[PDB]
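Asks: here are the coordinates; sequence isn't available:
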Ligand SMILES: O=C(NC1CCOCC1)[C@H](Nc1ccc2c(c1)CNC2)c1cc(Cl)cc2[nH]ncc12
């Protein structure tokens, strides 16, 4: 159905009314989202059907219709924008300077912004509008606030 | 069944709301894809 590039809401009709469970990025005919949003299940776009193509629970990512297409990376210095798509609310750009997640396997960027769980999968962008990762997998710190990793996949 | 709905273009907005801090955190990632704070 709808294959236009852009940001999309991932909805369900299983719970009360219509519920937004996450968000995704359509790019080069491929739908990219977080694994915990869909759990690998098939998606619908009007009459069209999107089937999972690649996914990994540890990276918390999943692609539909083709391999992962997003490869831009945070430069480690510049401010970025979270294109937040909250449930029942309009898409909104929020600019912030990322922090760092230090892990035994290396450093990852981190965006310290609080949004409902249904915002998971919203893209993080660089100054050229390129998707450097998805927001929606992270940690809750001391004051009860949320810090998301800048989760990016590997392009083949 | 899950479905998708378009919500907008992917573009950088000049003069967007600037907010949020930049913490340096020690974290661990388990096999289930869950991050946790290491202290
Ligand atoms: O980061 C999250 N989950 C916790 C946060 C700290 O404890 C461990 C994992 C939420 N998403 C999510 C849920 C299920 C799984 C995963 C990610 C990956 N593995 C399965 C989540 C998203 C958003 Cl956008 C906001 C949020 N606030 N609190 C939570 C929250």
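Replies: Noted; the coordinates are in hand. Numbers count the residues shown, from 1 in each chain, chains lettered A, B, ... in the order given.

Asks: quick one, strands of chain B?
Replies: With DSSP state E, the ranges of strands along chain B come out as B:2-8, B:17-18, B:24-29, B:35-37.

Asks: list the buried ones in the third one?
Replies: Of all the residues in strand B:24-29, those buried under the rule 16 or more other CB atoms under 10 Å in any protein chain shown are B:25, B:27, B:29. Using the backbone N, CA and C atoms, a C-beta is placed for each residue, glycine as well.

Asks: which ones are touching the first one?
Replies: Right, residue B:25. A:99-102, A:110, A:139, A:141, A:147, B:37 (CB atoms under 8 Å, 6 or more residues apart in numbering or on different chains).

Asks: number of nearby residues for the closest residue to residue A:24 other than its chain neighbours?
Replies: Leaving out its chain neighbours, the residue that sits closest to residue A:24 by CB to CB, 6 or more residues apart in numbering or on different chains is residue A:33, at 3.6 Å. Applying other CB atoms under 10 Å in any protein chain shown, we find 30 residues neighbouring residue A:33.

Asks: For residue A:33, which residues are in contact?
Replies: Counting by CB under 8 Å, 6+ apart, residue A:33 makes contact with A:10, A:22-25, A:61-62, A:64, A:121, A:134.

Asks: 6 Å instead, please
Replies: Residue A:33 makes contact with A:22, A:24, A:62, A:121, according to CB atoms under 6 Å, 6 or more residues apart in numbering or on different chains.

Asks: and of those, the nearest to residue A:153?
Replies: residue A:62 (9.3 Å; CB to CB).

Asks: what's across from the closest one in the sheet?
Replies: residue A:33, residue A:55 (DSSP bridges).

Asks: residues touching it, list them.
Replies: A:33, A:35, A:52, A:55.

Asks: how deep is the residue of chain B found nearest the ligand tucked in, by neighbour count?
Replies: Nearest to the ligand, among the residues of chain B, is residue B:33, at 4.0 Å (CB to the nearest ligand atom). Close neighbours of residue B:33, defined as other CB under 10 Å, add up to 17.

Asks: ditto for residue B:30
Replies: Residue B:30 - counted by other CB under 10 Å - has 9 other residues nearby.

Asks: swap in residue A:19?
Replies: Per other CB under 10 Å, the neighbour tally for residue A:19 reads 15.

Asks: Neighbours of the residue nearest to it when sequence neighbours are not counted, how many?
Replies: In space, and not counting its chain neighbours, residue A:19 is closest to residue A:12: 5.3 Å by CB to CB, 6+ apart. Residue A:12 is flanked by 17 other residues according to other CB under 10 Å.

Asks: I'm done for today, thanks for sticking with me.
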